[PDB]
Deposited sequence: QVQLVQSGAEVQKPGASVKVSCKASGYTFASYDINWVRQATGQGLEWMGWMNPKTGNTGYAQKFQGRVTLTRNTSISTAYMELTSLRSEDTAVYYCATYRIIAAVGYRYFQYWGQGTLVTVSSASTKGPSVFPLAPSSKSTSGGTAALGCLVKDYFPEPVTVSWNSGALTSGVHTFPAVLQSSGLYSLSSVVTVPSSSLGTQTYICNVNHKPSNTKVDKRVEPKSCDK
């Protein structure tokens, strides 16, 4: 079936430019426009532009013309989005999207979306997190992982390699005065399991190619 897969999360400094990629599969890539949408920190979806892969013709929202270049490589079914003069205000999740795959006109609603690409505008350097255990005390027990001092967002936390999900709360990242992110991931489990059940948290930070696993034991 149809799929759009985008490049990984990225950091770029003020005035620095960024290029995002969108590899398509499951349909004739050249026969349909690729549209680009963005969600800035505390904003709604913002349509940026459209690109025809056959001709390379482009169209942009007023807010974005002279700032965005849409290109493509038809041989590897890839669309690209280049954004120039990066400002604080351009920190956002960037999406590529395409129409429903149908012959007929008037179906140019965005049926398919890329997974999204977090782009962070800052002069701060990249850093992988330290993971610290949140050990159960003393029924229902709460335990977790403190994922501290990483940059940029995001991280993914999973429990026992996706095995454990019911009871999981991952908190949104908070930017400390240090200029680095910290979050916690917690899980409420039966008390009688700490003796027999193994609880590991898996933290993936892809901007630093970091993969940490922390075992959470009762102290």
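Asks: Give the ranges of the deposited sequence, numbered from 1, for which the structure holds no C-alpha coordinates, in sequence order.
Replies: Gaps vs deposited seq, in order: 139 to 143, 225 to 228.
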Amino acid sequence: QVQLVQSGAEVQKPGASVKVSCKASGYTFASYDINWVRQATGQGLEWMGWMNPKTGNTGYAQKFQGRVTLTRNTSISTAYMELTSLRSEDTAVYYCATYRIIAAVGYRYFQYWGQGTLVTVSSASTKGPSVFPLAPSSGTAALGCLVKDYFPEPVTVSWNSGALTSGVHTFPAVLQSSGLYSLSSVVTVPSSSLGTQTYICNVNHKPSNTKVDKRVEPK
From here on, numbers count along this sequence of modelled residues.
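Asks: Which is higher in the entry, the mean Cα B factor of 4 to 12 or that of 209 to 217?
Replies: The entry gives the higher C-alpha B-factor average to 209 to 217.
Asks: Out of 26 to 34 and 43 to 51, which stretch has the higher average CA B-factor listed in the record?
Replies: Per the PDB entry, the higher value belongs to 26 to 34.
Asks: Check the PDB entry and point out which of 185, 182, 191, 156 has the largest C-alpha temperature factor.
Replies: Checking the PDB record, the top C-alpha B-factor among 185, 182, 191, 156 is at 191.
Asks: Between 81, 146, 86, 118, where does the Cα B-factor run highest in the record?
Replies: 86 has the highest C-alpha B-factor of those listed.
Asks: Would you check the entry's CA temperature factor for residue 124 and let me know if it's in the chain's lowest, middle or highest third?
Replies: Within its chain, residue 124 is a highest-third residue by C-alpha B-factor, going by the deposited values.
Asks: Select lowest, middle or highest to describe the third in which the CA B-factor of residue 134 falls within its chain in this entry.
Replies: CA B-factor rank for residue 134: middle third.
Asks: With respect to C-alpha B-factor, does residue 170 fall in the lowest, middle or highest third of the chain as deposited?
Replies: Ranked within chain, residue 170 CA B lands in the lowest tercile.
Asks: How does residue 97 rank on Cα B-factor within its chain, lowest, middle or highest third?
Replies: For residue 97, whose C-alpha B-factor we compare with every modelled residue in the chain, the answer is the lowest third.
Asks: Select lowest, middle or highest to describe the third in which the CA B-factor of residue 73 falls within its chain in this entry.
Replies: Within its chain, residue 73 is a highest-third residue by C-alpha B-factor, going by the deposited values.
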